[PDB]
Each structure stands twice: as C-alpha cells, then as structure tokens.
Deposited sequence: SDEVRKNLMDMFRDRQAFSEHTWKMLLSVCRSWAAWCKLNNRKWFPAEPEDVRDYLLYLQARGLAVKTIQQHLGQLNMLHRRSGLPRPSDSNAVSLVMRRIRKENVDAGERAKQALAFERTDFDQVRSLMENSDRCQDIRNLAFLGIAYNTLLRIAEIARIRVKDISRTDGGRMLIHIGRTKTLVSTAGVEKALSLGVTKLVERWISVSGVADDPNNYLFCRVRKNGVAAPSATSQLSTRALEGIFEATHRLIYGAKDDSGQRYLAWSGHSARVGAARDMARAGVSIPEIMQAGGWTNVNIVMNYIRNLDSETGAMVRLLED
C-alpha cells in the first residue's frame, strides 16, 4: 500500500518528534520481532495477530519481565498505528494474551523492581568522607550526588545542565533551570533550588574544573586519570558515567556487589529520587509537596517508594 509507505516515510522524516530512546527501542523490538519471524517462516510487517500472540508467549517463555513484554507490544502497536494500520492490540488474540501473560507471571511471584534508596544519611556519610578530598573527580562526584538528592532530577536532566542555566537567589542559593523532562516539554520549564550546603559543593566544583569559561559549557564533564577536567559545550557527561558515580560511591562505602546478577544491588540513577521521597514522607512533608518536588503531577509512584495501628492497639 502507498499510504502505508508514505505514513511511514513521514514518521521517519520527522523522527525528532520522538525521543531518540523511543527510536532505539522501536528498532530493537523490530530486530527481535524480525528475528523471530525469520525463525518461523513468517512475514514480519503488516504483523499478523496470531503471529504477534505467539511472539509474546515466546518472550514470556524466555523468562522476560512483564513490562518488557509490554514494551515489545507497545512498539509494535506504534509502528502499525502510525503506518495507518490496525494495532496488533486491536485484535482479541493479542489483547487477551497480554492480560494472561501479566496475570500468570504476577501470580507466579514476578514483581517490578525499584532503585535502592539514596537518603539523607547516605549523603551525609558520603559527604563527610569525600569533602576532604582535593581530587577533582571527588569534588565533581560530591557535587553531582548533592544535586541529585537535592532536586530529584533524573540523570539525563542533570547531564543537560549548562553553566548559563544556573542563576541565584538573594540568599545566595543556586537555582537551576530545567527545560525538558520525561513528563514535560516547554520553554517555561521548571526551576530547582539548591541548599547553601549543596551550593558550596557545586561552587567548589566549578572552581576546580574551570567549566565557567564558557556559559555554554555543560556543568558536568569528564575528568581524566590526572585530575584534569575536560569542559565541553557540545559533548555531555554521559548518563552511563552518572550511573557509575552512584555505583562507585556505593562501592566506596559497602564494597563489591554479589555475583547474583540482580539489578538494584547498588545505588543507581534513580536512587536519589526513591530516597528523597522516603525522607520527605518520614519528615511529615505533605503528599502534595513531595509530588511538587520530584515533578510528579500524581500520587502513585510516590506511594510505592514510601512503603506499625500497633501504636494504637496498646492502651
């Protein structure tokens, strides 16, 4: 069909309308789906409902998580819907098997996971250890951890900060302007206040690195084995390296991980959010304020992160 070829060419040509992560997973699912179709002598595009159902069961049988199985279906749905075609999910054979895959796996004990928490006590501990270091990598890392906990920003947002995005309060506290997040894409954006303590950690980093030479340099950059920073206004410190800082900091304090293979055995990119949430709840900060602080325009995710009547039952 011609319309399908054009609808597809129009999405491609304007791929920037979507996140590059959306594109990477579109292709990754398509490889995986194409691979399966090839094994089974099956036509991979206009995907056929029954073929998709079998493929999802196949993923279930490979022991994959329910949310990953949902990702595959989702990308397949998108590809078709934007092609002008009906979704696999528009057929009962696929909608029904997806429920089934969910209900069975859940009933077998499968559960989504959460980032191990990075809380105030952790930050205070890491800070008391590292704040005496004159190594430039230690000063960067402490400043990062501090921003992460303070703001609840996601690692991709922290990496996108440039020097010029940093303003100030009357009191001297740093304010960081954030344009794009996962949930919002506007020119207003949001602004994030830093405590005087975290502000100092950041100032010290700016001072030792020299990132403020260009207002367009990214606040965070790499540091090579000789403690010399490498500011850049066109390449950012990768979110993988930001993950590494979290992981290195955990290892510093707790040693090496298991060889179990499981995720979330050490701090990760989302550890400061899970932990700042818990800390606010524990401090009696209001449920709306917690939401305000970590960009959430609704309860739920906060609830999962925050999870004794016995107090009452006694006299």
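- If you line the structure up with the deposited chain, the stretches without a C-alpha atom are 308-313, 315.
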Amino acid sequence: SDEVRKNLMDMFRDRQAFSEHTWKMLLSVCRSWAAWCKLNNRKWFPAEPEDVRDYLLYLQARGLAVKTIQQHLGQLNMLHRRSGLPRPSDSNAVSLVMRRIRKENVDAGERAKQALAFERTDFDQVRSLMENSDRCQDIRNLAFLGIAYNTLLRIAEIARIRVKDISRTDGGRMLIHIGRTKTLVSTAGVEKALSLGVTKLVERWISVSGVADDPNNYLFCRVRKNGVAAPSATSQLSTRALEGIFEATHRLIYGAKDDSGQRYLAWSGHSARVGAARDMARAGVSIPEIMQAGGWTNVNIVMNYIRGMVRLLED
From here on, numbers count along this sequence of modelled residues.
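Here the rigid core means the biggest group of C-alpha atoms that line up within 1.5 Å when the two forms are laid on top of each other.
- Superposing each structure in 6 other deposited structures of this protein on the rigid core shows that the farther-lying of 89-97 and 141-149, by root-mean-square Cα distance, is 89-97.
- Higher mean CA B-factor, judged across 237-245 and 158-166 from the recorded values: 158-166.
- Relative to one another, 170-178 and 119-127 have unequal mean CA B-factors, and 170-178 is the one with the higher figure.
- Take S83, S91, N150, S186 and read off each C-alpha B-factor from the entry; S186 has the highest.
- For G146, the recorded CA B-factor ranks within the lowest third of the chain. Only modelled residues enter the ranking.
- Among all modelled residues in this chain, the alpha-carbon of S95 has a temperature factor (C-alpha) in the lowest third.
- Per the deposited record, the Cα B-factor of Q60 falls in the lowest third when ranked against the other modelled residues of its chain.
- The entry lists a Cα temperature factor for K225 that places it in the middle third of the chain's modelled residues.
- The entry lists a Cα temperature factor for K38 that places it in the middle third of the chain's modelled residues.
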